[PDB]
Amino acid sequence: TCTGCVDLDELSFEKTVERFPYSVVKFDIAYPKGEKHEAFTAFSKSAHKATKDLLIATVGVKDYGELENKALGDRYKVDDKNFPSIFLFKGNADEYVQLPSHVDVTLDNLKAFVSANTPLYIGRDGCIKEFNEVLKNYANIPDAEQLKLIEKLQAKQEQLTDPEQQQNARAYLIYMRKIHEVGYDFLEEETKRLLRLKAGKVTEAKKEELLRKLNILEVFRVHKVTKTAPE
């Protein structure tokens, strides 16, 4: 019944799914043991760390005795002969997305199932998904495109709500502006400064703020430098 996973049944399923904006629910046997269960469990804990908007829930389905949650199982066409079945909801118990059954049940595919199908994001502390989406090969894009992204992400920064999140966004833009100004050498430089900071006397909170900056700086790395300038 994994840590953090709310255990749901026929009277409570729909009412609870529909009070959350997003829900990921595992249908499975009653009393799951195994690697597929241990990964859900691991995903439960990681999810709880990254968000407050996401229900992580479980439905245990029986057929000895009084077949608990058989009805509920059928409501979702779940293959009793092929558990775990994993579903994502968006606040409507009538409309769901199913992890295809050929996908392995790992931490990382569970996170990718969520990122691909919602606004939400389960990854490294300090990151902001709508910012990562526009930022792939930032380092290599033309000067004019780079600045138009600055306009854009500055738009997004202005309307941001969480203290923390406002601050994640100031780091993104500081880095976007420096790479634009100085080029790709700013990564090696900033990385060296932050790690040295983190090798100092710091409070856990300062530590965690230093990991968010290194996490964000990480988004700007490119496999190959493809822009150069001049002499």
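Residue positions are given as counts along the sequence shown, with the first one as 1.
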{"property": "Between 219-227 and 206-214 (mean CA B-factor, as deposited), the higher", "result": "219-227"}
{"property": "150-158 versus 122-130 - greater average Cα B-factor per the deposited record", "result": "150-158"}
{"property": "Which of 170, 26, 177, 62 ranks first by CA B-factor in the deposited coordinates", "result": "62"}
{"property": "Selection from 97, 141, 114, 72 [criterion: highest C-alpha temperature factor in the record]", "result": "141"}
{"property": "Modelled-residue ranking by C-alpha temperature factor, third containing residue 103", "result": "highest"}
{"property": "Residue 110 - which third its CA temperature factor falls in, relative to the rest of the chain", "result": "middle"}
{"property": "Third of the chain, ranked by Cα B-factor, where residue 137 sits", "result": "highest"}
{"property": "Chain third (lowest, middle, highest) by recorded CA B-factor, residue given as residue 40", "result": "lowest"}
{"property": "Chain thirds of CA B-factor: placement of residue 76", "result": "middle"}
